[PDB]
Every structure is written in structure tokens, then in C-alpha cells.
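> Quick one: the structure is below, questions incoming.
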2 protein chains.
Amino acid sequence: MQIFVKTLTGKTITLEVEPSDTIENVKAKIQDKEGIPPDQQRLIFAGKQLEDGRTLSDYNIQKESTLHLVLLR
Amino acid sequence: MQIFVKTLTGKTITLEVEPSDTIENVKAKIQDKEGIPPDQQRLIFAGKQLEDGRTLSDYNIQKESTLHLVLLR
């Protein structure tokens, strides 16, 4: 499916994922495209922080949903 | 979750923590970002001093709650 990842500043990135993908998988796709290591990535969906080990399907992320990415510890 | 730590003088710091984090854990995160050793940190929430050994969940600190940090003995 296709999801969107929006930064604080405005820039969007399109990703290709499955509900089965884990959150760390997702950060690795964000790593592939923008060079941001996963450890510097905080992902949010509807006010909830997405925790490693979980999948997309754990959070009601659907086709063409938009996460927010917040960028050191 | 995300909590805020406000100094007497105004400056805020954003932290990433869990309810499970101990107070000394919290001071160590404040150490990571601002270089203040934990032994010089006094943390307050709603008029209560936060004591080492306890966790956040011991004090009704929640998402986007704001502690106050007071800075030698």
C-alpha cells in the first residue's frame, strides 16, 4: 500500500509498505530515501508514537495514510 | 511519551521517556542534552520534589506533562 510521511517542516515522502511491515522496517525505508538513520527518527500517527517491534496494522494505518516524522537521542 | 522540563529562567527541554523510567534515568537524559550532572538537578512536578528511585508513573506525570528543573548540593 502507499503511505505518506510528513515532516514538521512540510516535506512529504511517499513509501511503499505492507500492514505487515514493522515500524523499524518503516524507518529503514525512510533511511533508504533520505539518509536519516532510524535512531534519529520519531514516527507519529494521530498523536501516538509508533514503537519499534509493532507493525503498521497495530495503529489503524491504512492506504494513503500520512505519518508524521520528527527528528538525536 | 514526551515530557517537558522547564527551568526557573524559562528555557524548556523536550525529553523522550516512558512512565517506567526512573527519576535518575530522567536526570541522565537531561545530562545527555544540556551537560548538567544529575547531582546538580532538582526536579519538581506540581509542587512535589521527584525522588531518585521512583518512576514517572509514581507522580501522575503523563504525556506532554512539564516538570520544573531547579539547579550544588
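> Starting from residues that are within 13 Å of chain A (Cβ to nearest Cβ) and among the β-branched types (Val, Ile, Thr), keep the ones in the stretch B:23-40 and report whichever is surrounded by the fewest Cβ atoms within 10 Å (Cβ to Cβ). Explain how you work it out, then say what you get.
Kept after step one, since they are within 13 Å of chain A (Cβ to nearest Cβ), are these residues of the stretch B:23-40: B:25-26, B:28-34.
Now restrict to residues that are among the β-branched types (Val, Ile, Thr): B:26, B:30.
Values: B:26: 24, B:30: 20.
Filtering the stretch B:23-40 for residues that are within 13 Å of chain A (Cβ to nearest Cβ) and among the β-branched types (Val, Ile, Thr), the one surrounded by the fewest Cβ atoms within 10 Å (Cβ to Cβ) comes out as B:30.
> Can you tell me which residue is farthest from the other protein chains (Cβ to nearest Cβ) among those in the stretch B:1-13 that are under 28 Å from residue A:48 (Cβ atoms), surrounded by 13 or more Cβ atoms within 10 Å (Cβ to Cβ) and within 12 Å of the chain's Cα centre (by Cα)?
Taking the candidates together, the pick is B:6.
> Does residue B:69 meet the test of being in a strand (DSSP E or B), touching a helix residue (DSSP H, G or I) at 6+ places or on another chain (Cβ under 8 Å) and away from chain A (no Cβ under 14 Å)?
On the way: in a strand (DSSP E or B): yes; touching a helix residue (DSSP H, G or I) at 6+ places or on another chain (Cβ under 8 Å): yes; away from chain A (no Cβ under 14 Å): yes.
Taking the combined requirement at face value, the residue satisfies it.
> Among the numbered conditions (1) part of a loop (DSSP other than H, G, I, E, B); (2) away from chain A (no Cβ under 14 Å); (3) closer than 16 Å to residue B:61 by Cα, tell me where residue B:20 comes up short.
(2)
> Quickly run through the stretch A:36-73 and pick out the residues that are within 11 Å of the chain's Cα centre (by Cα), β-branched (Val, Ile, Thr) and over 17 Å from residue B:64 (Cβ atoms).
From the stretch A:36-73, those within 11 Å of the chain's Cα centre (by Cα) are A:38, A:41-45, A:49-52, A:55-56, A:61, A:65-70; that's our starting set.
Of the ones still in play, those that are also β-branched (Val, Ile, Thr) are A:44, A:55, A:61, A:66, A:70.
Within the stretch A:36-73, A:55, A:61, A:66 qualify.
We did not get these values from a lab; they are worked out from the coordinates using the rules stated. Note that we place each Cβ from the backbone using ideal geometry, even for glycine, and neighbour counts take in every protein chain shown.
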